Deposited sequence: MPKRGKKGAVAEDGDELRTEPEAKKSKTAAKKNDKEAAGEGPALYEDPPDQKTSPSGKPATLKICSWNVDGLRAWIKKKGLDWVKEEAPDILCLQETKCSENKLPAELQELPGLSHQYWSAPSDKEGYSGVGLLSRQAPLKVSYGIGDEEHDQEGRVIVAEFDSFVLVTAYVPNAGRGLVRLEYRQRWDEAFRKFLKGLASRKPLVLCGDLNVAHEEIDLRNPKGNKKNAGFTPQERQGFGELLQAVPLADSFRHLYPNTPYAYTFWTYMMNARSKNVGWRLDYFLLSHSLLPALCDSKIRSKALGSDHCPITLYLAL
């Protein structure tokens, strides 16, 4: 069945107005994404902060359009050995207080940015691989990432966004039965997600607001016209510290924005 994201809820359940708009997007090739008008969609969304994953592009090769974003002028980029794979980016209206890269362990998968009242982490979580060939590495990465997140020295609440490369529960993908042995829906990856929520701790912004809504995905394989059929997976998330839930206005899935095999997601917080 197709899906239509509900209207933007820009007021917290208590009645306060959203003051921060964050957008996260696995662009699957930043230069390709830019040629497919991805940046015109970003300008329409007008977020305060924009996080990109799988840019596959070192900094010296960022297209000039990225220098013409006056509302997103503080930009931090991180790329891996394997040029052309992985790579993440964080663009912000306001300068962060602090920026770092990695999870303490140059893989180009994580950017950490401390703002006035919260710490933002954007992540491109390693894929378990076709045939699960890198599933054990993923499991080790999950555990190191949890530890890193828990151990963040700031007593500030946490927002974690990006492509976490797992559909947490059967409601998070179209074909759960035939994918329980595929990357992104193994019992090992699902358990790692549950442990991330438990240990840090974190809530899944979208599922907390829409706990029973099926067919909401953020990824569709390019092949077999899966997107047109909405055969997809929910792989991209905003996860929030418990204390941030009263500030949570909405968590969106921008199903119609093209340019990649993932669609943008967007968080509204009242801070």
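**Q** In sequence order, name the stretches of the deposited sequence that have no C-alpha in these coordinates.
**A** Comparing the full sequence with the modelled residues, the uncovered ranges come out as 1-42, 123, 149-152.
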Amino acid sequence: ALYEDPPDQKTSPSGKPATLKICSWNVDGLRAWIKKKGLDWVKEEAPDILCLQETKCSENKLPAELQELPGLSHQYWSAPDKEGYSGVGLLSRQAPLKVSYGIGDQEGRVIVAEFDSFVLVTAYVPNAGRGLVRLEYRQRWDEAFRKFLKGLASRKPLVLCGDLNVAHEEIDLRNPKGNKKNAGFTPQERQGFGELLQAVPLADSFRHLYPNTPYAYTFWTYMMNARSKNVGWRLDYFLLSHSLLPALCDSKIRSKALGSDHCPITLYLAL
From here on, numbers count along this sequence of modelled residues.
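**Q** Among the other entries of this protein that model both neighbours of residue 139, is it absent from at least a third?
**A** Result for residue 139: never missing in the compared entries.
**Q** Is residue 104 left out in a third or more of the other entries?
**A** Across the other compared entries, residue 104 is absent from at least a third.
**Q** State which stretch shows the higher mean Cα B factor in the entry: 68-76 or 187-195.
**A** Going by the record's values, the stretch with the higher mean is 68-76.
**Q** Look up the CA B-factors in the entry and say which stretch, 147-155 or 176-184, has the higher mean.
**A** Mean CA B-factor is higher for 147-155.
**Q** Between 19, 251, 14, 24, let me know which has the highest C-alpha B-factor in the entry?
**A** Comparing C-alpha B-factors across 19, 251, 14, 24, the maximum falls on 14.
**Q** Which of these, 236, 48, 54, 44, has its C-alpha atom at the highest B-factor, as the entry lists it?
**A** Among 236, 48, 54, 44, the highest C-alpha B-factor in the entry belongs to 44.
**Q** Tell me, lowest, middle or highest third: where does the Cα B factor of residue 85 rank within its chain?
**A** Highest third - that is where residue 85 ends up once the chain's C-alpha B-factors are sorted.
**Q** Relative to the other modelled residues in the chain, which third contains the C-alpha temperature factor of residue 219: lowest, middle or highest?
**A** Answer is lowest: the recorded C-alpha B-factor places it there.
**Q** Grab the CA temperature factor for residue 258 from the record and place it in the lowest, middle or highest third of its chain.
**A** Ranked within chain, residue 258 CA B lands in the middle tercile.
**Q** Determine, from the deposited record, the chain-internal third of the Cα B-factor for residue 226: lowest, middle or highest.
**A** Highest third of the chain for residue 226's C-alpha B-factor.
**Q** Is residue 94 in the lowest, middle or highest third of its chain when residues are ranked by C-alpha B-factor?
**A** For residue 94, the deposited C-alpha B-factor lands in the middle third.
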